[PDB]
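# Structure assessment
Take a look at the letters that make up each chain.
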Amino acid sequence: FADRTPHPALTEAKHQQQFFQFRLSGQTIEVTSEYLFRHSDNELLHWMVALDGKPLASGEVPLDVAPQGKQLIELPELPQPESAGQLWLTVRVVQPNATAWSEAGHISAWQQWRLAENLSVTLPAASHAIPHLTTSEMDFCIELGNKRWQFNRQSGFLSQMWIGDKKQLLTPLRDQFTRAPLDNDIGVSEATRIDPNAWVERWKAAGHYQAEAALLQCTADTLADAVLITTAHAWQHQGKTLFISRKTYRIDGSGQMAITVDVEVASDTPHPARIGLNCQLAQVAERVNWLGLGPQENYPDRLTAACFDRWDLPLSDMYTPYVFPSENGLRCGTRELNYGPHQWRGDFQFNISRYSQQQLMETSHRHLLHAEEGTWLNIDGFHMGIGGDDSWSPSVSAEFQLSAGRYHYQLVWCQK
Amino acid sequence: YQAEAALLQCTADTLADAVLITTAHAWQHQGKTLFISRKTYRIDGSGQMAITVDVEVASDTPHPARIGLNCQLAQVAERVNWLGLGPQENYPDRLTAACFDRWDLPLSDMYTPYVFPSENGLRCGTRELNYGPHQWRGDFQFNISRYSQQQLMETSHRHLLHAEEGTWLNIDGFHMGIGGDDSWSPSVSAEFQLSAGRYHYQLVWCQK
């Protein structure tokens, strides 16, 4: 920024430009120096092995590598844990002494790998409570203890949740296929010249910002130990169907709501910017805690600098204050998200903030944004890349476009 | 090749207009779990059986060659009719020559008689498959023949293969590439390996 505060992209540059490259083969790390003239005389390697966030083993090794040379670091016998989960190894190069240009402790290079995974073969514990279904003309209502869910039979969405007598939502949980466009999406270098190939022009022309959801199906069924809700919606713009979404909600005796989503996208509509859900939660909390890539904003085509771990930040750090407001603050590769009493589990990307996508799209300057009531949550199964080979022509590469035609993802929503 | 399926869950439920069966299995080899598979079968009043499959693959097992279903059908028919890429054998990294259309061939043309027997006769990008009274719909790759995968793996020469009773059907949601930059070192490119960790696909099985 003009005051010399970093954008999140600066960390991506730092990581790709590092002077140490790493390879893993079994228990061995090979370190390669990309210095041309200096010996690595102010460098030590810290390694850590963690199991879904929890530390297991750790260590340090001095680096003694000639310019353009290699060093092989053998790791100790790593622990075999009992429990399920993925093991992660992280190495970081630390400069122990100050230089003319850096403090003591400066981190100059890092890298992360997956080690052994143990898949979870334990079935969930059978609860004695059965959720109860009530049918009115307008609603399906499910009760279990103090918890209550309500589904609107006309719109076909989850419209409210109660813990005790405290409402949890200000806006229903609905599909989202759009983002507040980024500068790379807008694709303009001269204010007088509009490119009809820019992503934002293609999305407005196809009617992605105006598309209306029509209900096809909304049904409720009692199983032995669960209530199952089934919905289907079609998004249409002037006759043409753009997207179809089929959903199941399974509410069991443990309180957990499992959401399964299947989406179809018309092959001749421009590929969508995302496939996910959004809602406005009623409560504002101070912290956000997640298990996934972080701690800074990261996107499918800008996530090599980010590391899998357990991260915990104040809500204000989950918003990037770009001077021209846009979609911002995404975290990819996430397995668990905790915010107030809610927990979401799955394999998803999310962003969380006090500004809606509609507000970020309508506002030309960051100082004109005002915090809305509650918190906006966007949870995505899939998200398009951001591009940036240039900013005045489409720059997202074909492997980061959502072009598959059919998409599946699942979430669990529970109260921790 | 030796992995054994252990049952985790098998449950049945009546809905308003359907029966729903739920199963889960784990494939294990000497303590280690390689794959988990969760399935639902929904049989409705129209006769159609909808199958939904979700698979998890351990990140440190070598990526699998395919993720699908197989069975041996009791009947032998003369023709195979499908809507999808064809008419010749095609694989995810060799399908640019094939064209989407409605194809109809005798069963014997769905087998490629390579002199050294192997996996053969796959058709990708398929939306509908008809064989005798059965119809399968979805988005899948399939192969159909009188030889099992076990027979093709054990037999060194094509003249020593014998037709089994009935027809073997393999229906895949996902299939690895075949490679061939060379044949004496791993040659499948990373975009054709099944490395995603989690996989979903669905089929409808009905009687036309």
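Residues numbered from 1 in each chain as written, not as in the entry; some residues may be left out. Chains lettered and ligands numbered in written order. Part of a larger assembly, values for the part shown. Heavy atoms only, no water.

Going by the header, the method for this PDB entry is cryo-EM, and the resolution given is 2.30 Å.

### Side note on the packing of aromatic side chains
Residue and element names in this part refer to chain A. To be explicit about the condition: Think of it this way: a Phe, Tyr or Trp ring, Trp meaning its six-membered ring, pairs with another when their centres are within 6.5 Å, and the plane angle makes it stacked under 30 degrees, edge-to-face over 60, tilted otherwise. Helical segments are the DSSP runs of H or I of at least four residues, strand segments are the runs of E of at least two, and each set is numbered from the N terminus. Residue exposure (1.4 Å probe, protein chains only): buried if accessible area is under 20% of the type maximum, exposed if over 50%, otherwise partly exposed. We call a charge positioned above a ring when the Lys NZ or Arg CZ atom is no farther than 6 Å from the ring centre and deviates by at most 35 degrees from the ring normal.
Enumeration over the complete set of coordinates arrives at 19 aromatic pairs over all chains. Both rings, one in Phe20 and one in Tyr35, keep their centres 5.7 Å apart while their planes meet at 70°; by these two values the pair is edge-to-face. Within this pair, whereas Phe20 is found in strand β1 (residues 20-25), its partner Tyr35 is found in the loop between β2 (28-33) and β3 (44-51), the two being separated by 15 residues in sequence. Considered together, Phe20 and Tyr35 belong to a single accessibility category, that of buried residues. Following the ring pairs from residue to residue traces out a cluster consisting of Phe19, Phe20 and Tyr35. For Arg148, the ring lying beneath its charged end belongs to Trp162, and the centroid distance is 3.9 Å. Stacked on the ring of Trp199, the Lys or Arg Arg202 has its end atom at 4.9 Å from the ring centre.

### Considerations on the interface of chain A and chain B
When the parts of a complex come together, some accessible area is lost, and that lost area is often used as the size of the interface. Note the threshold: Residue contacts are counted whenever heavy atoms from the two residues lie within 4.5 Å of one another. Once two parts are put together, the accessible area they lose, assessed with a 1.4 Å probe and summed over both, is termed the buried area. Salt bridges are defined as contacts in which a side-chain nitrogen from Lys or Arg sits within 4 Å of a carboxyl oxygen from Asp or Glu. Whenever a nitrogen or oxygen atom comes within 3.5 Å of another N or O atom, the pair is scored as a polar contact, on the condition that within protein one atom can donate a hydrogen and the other can accept it, and that pairs from neighbouring residues in sequence are kept only if both atoms are in side chains.
Contacts between chain A and chain B engage 19 residues on the former and 24 residues on the latter. Carbon and sulfur atoms make up 49% of the area that chain A and chain B hide from each other, which totals about 1,500 Å². Interface area lost by chain A to chain B is led by A:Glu117, A:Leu119 and A:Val121, which between them contribute 35%. Counting the contacts that link chain A with chain B gives two salt bridges. Where A:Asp347 meets B:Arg198, a salt bridge forms, and the shortest distance between an N and an O atom there is 2.7 Å. Counting across the interface, chain A meets chain B through seven residue pairs in polar contact. Broken down by secondary-structure element, the contributors of at least two residues to the side of chain A that touches chain B are β7 (106-118), β14 (212-222) and β24 (406-415) of chain A. Considering each element in turn, the side of chain A that touches chain B owes the most residues, four residues, to β7(A).

### Let's talk about the nonpolar core
Which entries qualify depends on this criterion: Here the nonpolar core consists of buried residues drawn from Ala, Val, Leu, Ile, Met, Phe, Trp, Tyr and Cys, with membership extended through side-chain atoms lying within 4.5 Å.
Membership of the largest hydrophobic core comes to 53 residues, with the highest contact counts inside it found for A:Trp149, A:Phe151, A:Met257, A:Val288, A:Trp344, A:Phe350 and A:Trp413. Residue contributions to this core peak at five residues, all from strand β17 (residues 257-265) of chain A. Beyond its immediate stretch of four places on either side in the chain, A:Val288 contacts A:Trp311, A:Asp312, A:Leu313, A:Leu315, A:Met318, A:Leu337, A:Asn338, A:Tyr339, A:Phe350 and A:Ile352. With 25 residues, the next largest nonpolar core counts B:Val57, B:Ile171, B:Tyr199 and B:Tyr201 among its residues.

### A closer look at the pairing of strand β22 (residues 342-353) of chain A
Residue and element names in this part refer to chain A. What counts, and what does not: The criterion for strand pairing is that DSSP finds at least two bridges linking the strands in question.
In terms of burial, β22 is a largely internal element, nine of the twelve residues being buried. Sheet topology places strand β21 (residues 331-339) next to β22; six bridges connect them, and they run antiparallel. Opposite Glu336, over in β22, you have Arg345 as the bridge partner. Between β21 and the antiparallel strand that follows it, β22, lie two residues; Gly340 among them carries a positive phi value of about 60°. Bridge count between β22 and strand β23 (residues 375-383): five bridges; the pairing is antiparallel. Each bridged residue has a counterpart across the sheet, and for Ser353 the counterpart in β23 is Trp376.

### Overview of unusual backbone geometry
Here the amide bond leading from A:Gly294 into A:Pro295 is cis, since omega sits at 5°, within 30 degrees of zero. Positionally, A:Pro295 belongs in the loop between β19 (287-294) and β20 (307-314). Residues B:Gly86 and B:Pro87 are joined by a peptide bond in cis, for which omega reads 5°. One non-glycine residue, A:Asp52, adopts positive backbone phi at about 35°. Locating A:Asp52 in the fold gives a position in the loop between β3 and β4 (54-62). Positive phi values are uncommon outside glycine, yet B:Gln30 reaches one of about 55°. You can see B:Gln30 is positioned in the loop between β2 (18-29) and β3 (32-44).

### Here's the deal with the pattern of salt bridges
In this structure the tally under the stated criterion is 25 salt bridges over all chains. The partner of A:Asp268 in a salt bridge is A:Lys240, and the shortest N-O contact between them spans 2.7 Å. Remark: A:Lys240 occurs in strand β16 (residues 240-252) and A:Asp268 occurs in the loop between β17 and β18 (274-281); sequence separation between them is 28 residues. Take A:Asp268: its relative accessible area is 58%, and that puts it in the exposed class. Here B:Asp139 ties to A:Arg406 by a salt bridge, and the two come within 2.7 Å at their closest N and O atoms. Linking B:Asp139 in strand β9 (residues 134-145) with A:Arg406 in strand β24, this pair reaches from one chain into another.

### Here's the deal with the sheet that holds β7(A)
All names here are of chain A. Put simply, the rule reads: Lines are fitted to the C-alpha atoms to define the axes, a helix being fitted only along its stretch in contact, and any angle between axes, read from their N-to-C directions, falls within 0 to 180 degrees.
Taken together, four strands build an open sheet; the order of strands is β4-β3-β6-β7 and the sheet is antiparallel. With one partner strand each, in any of the chains shown, β4 and β7 form the two edges of the open sheet. Strand-to-strand twist of the sheet, defined as the mean angle between neighbouring strand axes without regard to direction, takes the value 15°.

### Quick word on the sheet that holds β2(A)
Residues and elements named next belong to chain A. Reading across from one edge, β1-β2-β5 is the order of the three strands in this open sheet, with antiparallel pairing throughout. In this open sheet, the two edge strands, each paired with only one partner strand, are β1 and β5 (70-74). Here the strands of the sheet are splayed against their neighbours by 20° on average, with no regard to which way each runs. With six bridges connecting them, β1 and β2 associate as antiparallel partners. Bridged to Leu24 within β2 is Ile29.

### Here's the deal with the domain arrangement of chain A
All names here are of chain A. Definition in use: Per the annotation, domain bounds derive from an automatic or database assignment of domains.
Under the domain assignment, chain A is made up of domain 1 (18-123) and domain 2 (124-416). On a C-alpha basis, the centroid separation for the pair domain 1 and domain 2 is 35 Å. Taken together, the contact between domain 1 and domain 2 spans seven residues of the former and eight residues of the latter. For the pair domain 1 and domain 2, the summed buried surface comes to about 690 Å²; carbon and sulfur atoms form 60% of the total.

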